[PDB]
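Enclosed are the sequence and the experimentally obtained structure.
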Amino acid sequence: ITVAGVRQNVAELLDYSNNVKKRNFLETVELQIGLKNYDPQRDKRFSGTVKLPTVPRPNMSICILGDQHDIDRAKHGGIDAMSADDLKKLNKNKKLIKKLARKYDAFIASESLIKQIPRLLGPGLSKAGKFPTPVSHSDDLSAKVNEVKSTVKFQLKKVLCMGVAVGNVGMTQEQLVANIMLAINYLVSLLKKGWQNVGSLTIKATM
RNA sequence: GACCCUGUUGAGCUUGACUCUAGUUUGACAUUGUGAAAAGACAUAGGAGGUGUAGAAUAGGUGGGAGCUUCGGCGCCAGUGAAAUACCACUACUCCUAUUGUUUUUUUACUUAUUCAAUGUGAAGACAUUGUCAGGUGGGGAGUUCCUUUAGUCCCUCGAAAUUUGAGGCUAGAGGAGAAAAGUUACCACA
């Protein structure tokens, strides 16, 4: 891809689309990738994540699976703390867990609870795309969720097209372009061969 | 009456080497041309589409998305569902049309491929016949003396489904002089 080209593309909307619509949103821009002739029914399916230290996400909805030494820090940070009793009542009710997954699409988990969940309620709802990344031994949750989030999973499905929504109008062109370029470079690296495999890529905004 | 054994017979079970090959057989390709008429798949540019169950309802699929404005109807939230509908972005198949093009197959037509007859030219026909590779079987001919199970590292390949499997691969135990016949049975018949 060409830097000057993505420059007028971000210009085609960050200095035009918003003038055309002028609509009240927490505006986010998405770029979508479709590939020409690599059937997903075959082998070597790709699945990776991006380290994004910008997080144009910040309309956030996060859930935690924390053990002791986390209730107080979660309360101070304004995140609901979930423990063994709360988890066993989620174990009793099997639809409210899906409703709360909808409420908190994003999950984070600790070692003991990620080891304890696969008894019966793990695989039951595992068909939702909630893969919880285990926390490290640093146990310093300050901003660790910030790096854990905004990690887009380039997961290949039975449909041969996908999209990644990164970039808002609150932050500016240099870092939004840096984020999208690094996401594209990671996608090319994860793909089986050269960037020429990509047929068409759209950088147009939400409206 | 009944029990044991022997011989012949019947019924049943097992064994009867390996390597090439005759024969037989499957598939692909080649001689080998000219046309015409249809069919399939490739090339675009378009058009139309998605009804298992439950769901108000005909839910291609994926993505963001809490609020969308022809400014009144919608969302969201509730349901119901693997999947939820407002907003707007992408490619994925199915069914049709057109020309600014490629191939492959079927039928038909004609001889130049090819086949048959003769000597000091005629008939059939792109089918036969023939040839090259990949293989299957090989109780026949010639020569010489592969699969299955077990336990293991979770070490490698192929196939499948996505959040796991099947088949092979490795280590070393166990099964399978040779087309003349051989072994065997609390069985049958005769003696």
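Structure received. Numbering: from 1, shown residues only, chains lettered A, B, ... in the order given.

Excluding chain neighbours, what is closest to residue A:164?
Excluding its sequence neighbours, the residue lying closest to residue A:164 (CB to CB, 6 or more residues apart in numbering) is residue A:152, at 5.0 Å. Heads up, the C-betas are built off the backbone N, CA and C, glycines and all.

So what's the residue count around the one you found?
Other residues near residue A:152 come to 18 when the count uses other CB atoms under 10 Å.

now residue A:147
By the criterion of other CB under 10 Å, residue A:147 has 12 neighbours.

Tell me who's in contact with it.
Applying CB atoms under 8 Å, 6 or more residues apart in numbering to residue A:147 gives the contacts A:51, A:53.

Could you check how far it is from residue A:176?
Here the criterion is CB to CB, to the nearest Å. By it, residue A:147 lies 18 Å from residue A:176.

Equivalent analysis for residue A:204, please.
14 Å.

Phi and psi next, for residue A:64.
Residue A:64 has phi and psi values of phi -120, psi 150 when expressed as degrees, to the nearest 10.

give me the residue from chain A nearest RNA strand B.
Residue nearest to RNA strand B within chain A: residue A:34 (2.7 Å; CB to the nearest atom of the strand).

Show residues contacting the helix or strand encompassing that residue.
In the assignment (DSSP states H and E), residue A:34 maps to strand A:28-35. Under the criterion CB under 8 Å, 6+ apart, residues A:13, A:56, A:160-168, A:176, A:180, A:183-184, A:187, A:191, A:197-206 lie in contact with strand A:28-35.
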